[PDB]
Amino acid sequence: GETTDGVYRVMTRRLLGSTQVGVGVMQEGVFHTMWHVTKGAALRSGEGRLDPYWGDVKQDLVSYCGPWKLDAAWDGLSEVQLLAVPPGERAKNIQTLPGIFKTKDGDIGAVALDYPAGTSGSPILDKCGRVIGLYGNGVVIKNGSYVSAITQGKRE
């Protein structure tokens, strides 16, 4: 299949028409998305097949064809860009300054942007175009809007 670096839609025809269930990132021959998008199922790429390699429900991440490759991190200072890939719509960059999720196990960047569910797995980028994590695991805040963690894996 196509293994060119870039951002890809994750589609299914199991429902009415063709539906976009999420998004992911191809880098160094590995496909990276959020667990809740695929639930760890195998994927098709043209004639070829992508088998799961690593994943973790609590991190909400999964890699295919090899180990997680993305290791860039938010600097905690600068604006970033969400490369949103919404269902049925062209890739679009949205710039923002992250807030912070404070947890008992440390602080994580968060982005206050609200996109359809099928946008989960879209990459968040720093100024040099490196993927600092994936969009779509977050929380509903007091007023009913949405804020997403910047979720990043570990390169072992």
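Note that residue numbering begins at 1 and tracks the sequence as displayed.
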Requested in this report: Can you let me know which of the two, 35 to 43 or 56 to 64, has the higher average C-alpha B-factor in the entry?
Outcome: 35 to 43
Query raised in the report: When the C-alpha temperature factors are averaged for each of 86 to 94 and 119 to 127, which stretch ends up with the higher value in the entry?
Result: 86 to 94
Report summary line: Binned into thirds over the chain's modelled residues, the C-alpha B-factor of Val25 lands in the lowest
Query - Relative C-alpha B-factor of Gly17, binned into the chain's lowest, middle or highest third - result: highest
**Report entry** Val147 - which third its CA temperature factor falls in, relative to the rest of the chain
**Finding:** middle
Query - Chain-relative CA temperature factor third for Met11 - result: middle
Query - Chain thirds of CA B-factor: placement of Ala110 - result: middle
